[PDB]
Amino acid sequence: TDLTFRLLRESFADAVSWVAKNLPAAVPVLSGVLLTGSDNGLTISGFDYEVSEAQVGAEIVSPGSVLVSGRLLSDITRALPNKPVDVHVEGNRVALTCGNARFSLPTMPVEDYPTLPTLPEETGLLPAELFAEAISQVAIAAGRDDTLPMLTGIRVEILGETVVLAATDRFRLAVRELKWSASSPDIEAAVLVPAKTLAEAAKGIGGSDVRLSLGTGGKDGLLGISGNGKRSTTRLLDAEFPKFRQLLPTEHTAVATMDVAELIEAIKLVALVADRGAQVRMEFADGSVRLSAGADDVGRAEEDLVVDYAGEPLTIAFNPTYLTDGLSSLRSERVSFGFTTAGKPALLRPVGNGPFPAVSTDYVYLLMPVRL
């Protein structure tokens, strides 16, 4: 008698869903998900270029392993009523019984399934909320086009107790610094993690804590992510990330503080007449900014906004989607705008006469401007 177990629907469907998120639409076995009963519980595993493993509680009548369709299983478990789920492997098929429902799923040979990679030594751990918020912050600025793979990752730099996360699409740079518990100290390394997979692992708020695995004194070629009984590993990118510490300005010629939500909605309103959503123009004066977009053939939009402004007036244009992306990623009520010139990038940070210094904040969104 092969694997037989019984467990609740919610845990089963959530685990199978979390593992199935990383399964792309190369081999039939690659499209399958692995169920393994053990005395500890039930394990759901999947592997492509990134692995996902979920350990949940279950009543194991008989132990064993089986291989079933990942997408199909996630659909079934998602669409099942909330009842104890009884899974029993019969020969080459799986009998899944939940309430009044009974499913017969065909199986694939378990021997033909690859062995999952072992997670490296634990480098450190940080709260799950901080991880999800930070990765969601920096991931928005990474490149989404695989044509430039150097931009498609998130740069993870670890110096001792301090961790820095950076990503850039060449048009915007998002950097987030945070503190974590590192074991052991004096670890200094930097790697490039693919942005999409890290963003999926973050979007991982348990609660409790998330553990990242590199290996302490040299870094492996893989990154582990662990917590809430869930383990995922991604292969690191071998490309080179540009130096982002030089691109950040030390001091600004003009600084402007505004309200994030008001500015975001204003950009949404003014950008409706923009040509192919090209750009939104900002005219900064004392106490007020003027948002403008579009041309005379489609339409012209104009809005004046209250600003706390310092320095000489300047006119600068941005991509409306990039600017709203930064403002949204700030996750604060007010925004601090650094400005040097209209061709130089602008510094966005969450919130007399001469130039003003850049305040030190954990998150920073650096956005390049557009021509006029």
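Quick note: we count residues from 1 along the sequence shown, nothing fancier.
The modelled chain breaks between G217 and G218, where 1 to 3 residues of the deposited sequence lack coordinates. In this entry, 104 to 112 has the higher mean Cα B-factor, the comparison being between 104 to 112 and 262 to 270. When the two stretches 184 to 192 and 298 to 306 are set side by side, the higher mean Cα temperature factor goes to 184 to 192. Per the PDB record, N40 has a higher Cα B-factor than any other of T315, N40, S336, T324. The residue among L72, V280, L148, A142 whose C-alpha carries the highest B-factor in the deposited model is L148. Ranked against the other modelled residues of its chain, the C-alpha B-factor of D275 as given in the entry falls in the highest third. Sort the chain's modelled residues by C-alpha temperature factor and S65 lands in the lowest third, per the entry. Placement of the Cα temperature factor of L130 within the chain: highest third of the modelled residues, per the deposited record. Annotation for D169: C-alpha temperature factor in the lowest third relative to the rest of the modelled chain, per the entry. Ranked within its chain, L35 lands in the lowest third, by CA B factor from the PDB record.
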